[PDB]
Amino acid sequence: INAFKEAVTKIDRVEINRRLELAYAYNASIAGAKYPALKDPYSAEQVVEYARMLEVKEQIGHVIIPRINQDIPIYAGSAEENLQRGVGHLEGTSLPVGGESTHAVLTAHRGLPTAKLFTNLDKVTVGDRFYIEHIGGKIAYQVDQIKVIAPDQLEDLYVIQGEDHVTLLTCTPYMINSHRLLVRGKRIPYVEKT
């Protein structure tokens, strides 16, 4: 929410860059494999510390989607704790700080009575934009692909070398959840202007 934007301003640029660098290294690591053992976010299988460097007052950034007027905190891992309050990052996929050979997967709950979250993620079209905001600032994506897969298929979630992507992942059809609707953005130039 607001505790992020503010809490961020209070941190020193050097500290920030130290922390971003640690994330880039993580990402470069993931990019390098071979394929990470990826695991259905929608199950208990046991706090998470992989993304400590990005963590600022519990979150690691914010996901903005103008088309559906959503601005949702992001939390590391996909524990139900976090899916109750916002989007959860899927451990094994790139940290959502961007860079070539990264593919971050962000996942969210549809239909919750508390928050809407990715409830209206079906209204998102190719062409649309969303933004990840993190300790580093705000980066921009343009939806380049929307795809419906079976729950045990994952090829679509891996890093694509030389490419910079973020996928918003939810369940589908609405209220049947036999499948997974993936909305994947592709990094585009964005000059944050006051």
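One-based numbering along the sequence shown. Take the two forms, superpose them, and find the largest set of C-alpha atoms that agree within 1.5 Å; that set is the rigid core.
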Completion exercise
in 4 other deposited structures of this protein, with the rigid core superposed, the stretch whose C-alphas stray more from the shown form, 54-62 or 122-130, is 54-62
Fill in the blank from the handout: After superposing on the rigid core, the stretch whose C-alphas lie farther from this form in 4 other deposited structures of this protein, comparing 158-166 with 23-31, is 23-31
Practice task
Give yes or no for this: do at least a third of the other compared entries, each modelling residues before and after residue 70, lack coordinates for it?
Solution key: no
Exercise for the section: Check whether residue 49 goes without coordinates in at least a third of the other compared PDB entries of this protein that model residues on both sides of it. Expected result: no
Completion exercise
Here the number of deposited-sequence residues unresolved in the coordinates between residue 34 and residue 35 is 4 to 9
Fill in the blank from the handout: Per the entry, how many deposited residues between residue 46 and residue 47 lack coordinates? The answer is 4 to 9
Fill in the blank from the handout: The stretch carrying the higher mean Cα B factor in the deposited entry, 136-144 or 47-55, is 47-55
Completion exercise
Mean Cα B-factor check, 120-128 vs 107-115, entry values; winner is 107-115
Problem - From 167, 153, 27, 161, residue of greatest CA B-factor - result: 153
Problem - Per the PDB entry, maximal CA B factor within 83, 72, 90, 97 - result: 83
Exercise for the section: Ordered by C-alpha B-factor within the chain, which third holds residue 65? Give me lowest, middle or highest, please. Expected result: lowest
Completion exercise
Here the Cα B-factor of residue 180, set against its chain, lands in the third termed lowest
Problem - Record-listed C-alpha B factor of residue 149: chain third - result: lowest
Practice task
Looking at the entry's B-factor column for C-alpha atoms only, identify whether residue 186 ranks in the lowest, middle or highest third of its chain.
Solution key: lowest
